[PDB]
Amino acid sequence: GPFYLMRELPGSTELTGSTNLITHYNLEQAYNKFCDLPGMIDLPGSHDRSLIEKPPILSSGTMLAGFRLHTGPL
Amino acid sequence: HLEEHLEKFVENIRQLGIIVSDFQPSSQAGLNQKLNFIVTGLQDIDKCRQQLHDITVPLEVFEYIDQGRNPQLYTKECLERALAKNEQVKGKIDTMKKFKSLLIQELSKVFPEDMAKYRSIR
Amino acid sequence: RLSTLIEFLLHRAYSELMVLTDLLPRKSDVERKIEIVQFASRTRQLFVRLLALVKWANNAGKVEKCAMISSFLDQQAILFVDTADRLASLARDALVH
C-alpha cells in the first residue's frame, strides 16, 4: 500500500531561490534607478601623488604650526 | 550630513587659496596659512565625525575610487550581474521543472496507481 | 573599516603639512609655492576620496544585496555538484562491491 520510507515534504513555498529575491528584499526601486562621480566631483571643482594618497590609504597645533613656518611672498 | 558640507567648503577654500597663490601675492602670505589651518581643523572634525559614525567599507571600493568614478555605475553593474544570475537561476529552475513534468506525463502508463498516489500526495 | 583609513589619511596629511612648512623657509619662494600647491592638490585628492566614501556610505545596501544573492547561488552551487558527485561516487564504488 504505502511505499517504503515515505515522509512529509517541506512547507509548500518557503524561502527559495525561485522567488524574486530583490523585490522581496525591497531593493527594486534602486535597481530601476540604476539600470563618473569623479566628474560629479569635477563639476564641484576643476578636474578629477594621487599615487601617494592611494598608498597612504592602502595601509588602512594649527595656530602653532602657522607661526613656526614662514614662506617668502616673493 | 554636515561633514560633507565642511569638506566641500574646505576644498573650495583650498582651491581659492591656490588660485590666489598661483601668481605673486602682493598682500601678506599668512592668509594661505590660515586657510590651511582651517582646512586641517575641518578635516580633523570630519575624521572625528567619521570615527563616531563608524562606516564600514570593503577594498574593491578602494580600488574603484583609486581610478576615480562615481559609485552609481558600480551599483548599476552589481544590479545587472545579480539580475543575470537571477535569470539564469530562473532558467535552470524552469528547465528542471519542465523536464520533471515531461518525464511524469511521458510515463503515465507504467503504473496508474503510482501516478494516482503521486498526484494525491503531491 | 573607514575609521583606520581616515586616521591614517589624517596622519599622512599632518606629516605632509609639517614637512612642507619646514621645507618652505629653507627653500626659495618658487620652490615653496610649488610644494604648497602640490600639497593642496594632494589634500584635494584626499578630500574627493573622502567625499566619494561618504556618498557611497548610504549606497551600501544594493551592493550588499547583490553580493549575498551571488553568494547564495554560489553556496548552493557547491551543494548541487556535491550531491551529483555523491551519486557518481556511489555508482563507481558501492555498486562494484
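The rules behind each value
Residues numbered from 1 in each chain as written, not as in the entry; some residues may be left out. Chains lettered and ligands numbered in written order. Part of a larger assembly, values for the part shown. Heavy atoms only, no water. Residues with missing side-chain atoms left out of burial classes, pairs and counts. UniProt positions renumbered as here; feature names shortened; annotations may be inferred. Helix = DSSP H or I, 4+ residues; strand = E, 2+ residues; numbered from the N terminus. Rg over C-alpha atoms; globule rule 2.2 N^0.38 Å. Axes fitted to C-alpha atoms, helices over the stretch in contact; angles between N-to-C directions. Parallel < 35°, antiparallel > 145°, perpendicular 65-115°, else oblique. Left-handed = near helix turned anticlockwise from the far one by under 90°. Contact = heavy atoms within 4.5 Å. Nonpolar A, V, L, I, M, F, W, Y, C, P; charged D, E, K, R; others polar. Salt bridge = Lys/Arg side-chain N within 4 Å of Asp/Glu carboxyl O.

This entry carries the title "The IDRc bound human core Mediator complex". The heading Subcellular location in the UniProt record of chain B holds the text "Nucleus".

What follows deals with the overall build of chain A. Scanning chain A for helices and strands turns up 5 helices and 0 strands. In chain A, the succession of helices and strands from N to C terminus is α-α-α-α-α. The globule rule puts the C-alpha radius of gyration for 74 residues at 11 Å, and the 30 Å found for chain A is more than 25% above it.

Time to look at unusual backbone geometry. Residue and element names in this part refer to chain B. Of note, the phi angle at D54 is positive, near 60°, even though the residue is not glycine. One can find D54 in the loop between α2 (30-53) and α3 (60-67). Positive phi, close to 55°, is recorded for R122, a residue that is not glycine.

Remark: α3(B) packs on helix α2 (residues 29-56) of chain C, axes separated minimally by 10 Å, with the N-to-C direction vectors making an angle of 135°. Classified by the angle between their axes, α3(B) and α2(C) sit oblique to one another. Handedness of the α3(B)/α2(C) crossing: right-handed. On α2(C), the residues touching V61(B), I65(B) and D66(B) of α3(B) are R49(C), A52(C), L53(C) and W56(C).

Glancing now at the interface of chain B and chain C. Taken together, the 24 residues of chain B in the interface contact 19 residues of chain C. Taken together, the elements giving at least two residues each to the side of chain B that touches chain C come down to α1 (2-22), α3 and α4 (71-106) of chain B. Among the elements that take part in the side of chain B that touches chain C, α4(B) stands out by supplying 10 residues, more than any other. Per-class residue counts for the side of chain B that touches chain C are 12 nonpolar, 5 polar and 7 charged.

Okay, the interface of chain C and chain A next. With 21 residues of chain C at the interface, the matching set in chain A holds 17 residues. Of all the elements in the fold, those that place two or more residues in the side of chain C that touches chain A are α1 (2-26), α2 and α3 (61-93) of chain C.

Residues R49(C) and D66(B) are paired through a salt bridge, measuring 3.9 Å at the closest nitrogen-oxygen approach. In this pair, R49(C) is assigned in helix α2 and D66(B) in helix α3, connecting two distinct chains. A salt bridge links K90(B) to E87(B); the shortest N-O distance between them is 3.4 Å. Placement of the pair is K90(B) and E87(B) together in helix α4, with a separation of 3 residues, close to one helical turn. Within the structure, one salt-bridge network assembled from shared partners comprises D82(C), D85(C) and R86(C).

The next point concerns the packing of α1(B) against α2(C). Helix packing geometry: the angle between the two helix axes and the distance between the axes. Running from N to C, α1(B) and α2(C) point in directions that differ by 160°, and their axes come no closer than 10 Å. Taken together, α1(B) and α2(C) sit at an angle that is classed as roughly antiparallel. Where α1(B) crosses over α2(C), the handedness of that crossing is left-handed. Here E4(B), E7(B), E11(B), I18(B) and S21(B) of α1(B) lie close against α2(C), whose contacting residues are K33(C), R44(C), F47(C), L50(C) and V54(C). Of the residues in the contact of α1(B) with α2(C), the class split is 4 nonpolar, 1 polar and 5 charged.

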